[PDB]
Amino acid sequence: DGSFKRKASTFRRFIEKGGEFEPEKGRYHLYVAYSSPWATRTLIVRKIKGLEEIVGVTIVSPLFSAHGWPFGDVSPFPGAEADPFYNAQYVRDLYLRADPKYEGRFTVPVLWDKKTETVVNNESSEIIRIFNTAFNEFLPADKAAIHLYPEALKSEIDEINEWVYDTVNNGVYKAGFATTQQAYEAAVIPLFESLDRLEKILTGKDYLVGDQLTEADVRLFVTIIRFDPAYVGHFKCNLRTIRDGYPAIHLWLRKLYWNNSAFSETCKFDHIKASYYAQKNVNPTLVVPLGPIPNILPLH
């Protein structure tokens, strides 16, 4: 074999009036790692939707261990944080509190319910969609109206998401975790084919769909912002770089980062690089490269 096969997510519940998980302020909490593109999706949207005082956040240590994601008191790292609520030591401890028999993966992000002490949802694609509407009664009308998956654009969003997810978001991982030459090449080639395609899409455009920010942008962004800083080297995704091989992706990427604080404030390059280059099975020296300089170039 040699190819990476991502395991789907198992906690797949929603936050709905009159449902199992009623919308409430101060009840739900996100556990995340800044290094995770998946978890960062939820940080971005939480800020886009003005949810910072409605949904809590805890930043786990980026130093993924044999026990999984440690909390910040266990593996200190600047900006990492201790678990506020259960004296958990590793994210696994949250899952096994929700269900001591759980045998999925102990992934971030976790959208947690502090009332019943369980995982509402650990699928980042669903969490950000929960955020479009579930907490709207707690928001001003104009912030409530924000929606990154609007009905008029949904079919175009879904169409781009499908291959972006398969060949780019997961593609970097299929390339980087490959353990045979053949599996690596079978992942890296479609990755860059999809980047070539995105480049044409973003030529002369500020957003992927409808000339406005959508979740398609958020989902692509979290991969591309990590690309030159970590994927190119650590994961060998190196046919070309964003900054010198893809000027339309590069301009789209820099406008989002420099002009929308939801994208820069949730972007911790030290967390990102520390995480990937701590992966012993790929980088046994554990050295963290000093470049690229800069992590992201200015918007000029």
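When you see a residue number, it is the position in the sequence shown, counting from 1.
Problem - Entry-level comparison of average CA B-factors, 132 to 140 and 214 to 222, reporting the higher stretch - result: Stretch with the greater average CA B-factor: 132 to 140.
Problem - 61 to 69 or 25 to 33, whichever carries the higher mean Cα B-factor - result: It is 61 to 69 that shows the higher mean C-alpha B-factor.
Problem - Residue with maximal Cα B-factor (values as given in the PDB entry) among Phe227, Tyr173, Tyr184, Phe192 - result: Max CA B-factor in the entry, restricted to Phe227, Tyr173, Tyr184, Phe192: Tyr184.
Problem - Selection from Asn161, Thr118, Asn121, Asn169 [criterion: highest C-alpha temperature factor in the record] - result: The C-alpha B-factor peaks, among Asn161, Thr118, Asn121, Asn169, at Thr118.
Problem - CA B-factor ranking of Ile242, expressed as a third of its chain - result: Tercile = middle for this residue's CA B-factor.
Handout entry: Third of the chain's Cα B-factor distribution that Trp112 belongs to, per the entry
Key = Answer is lowest: the recorded C-alpha B-factor places it there.
Problem - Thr42 - Cα temperature factor, lowest/middle/highest third of chain - result: Tercile = lowest for this residue's CA B-factor.
Handout entry: Third of the chain, ranked by Cα B-factor, where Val232 sits
Key = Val232: CA B-factor falls in the middle third of its chain.
Problem - Chain-relative CA temperature factor third for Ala248 - result: Tercile = middle for this residue's CA B-factor.
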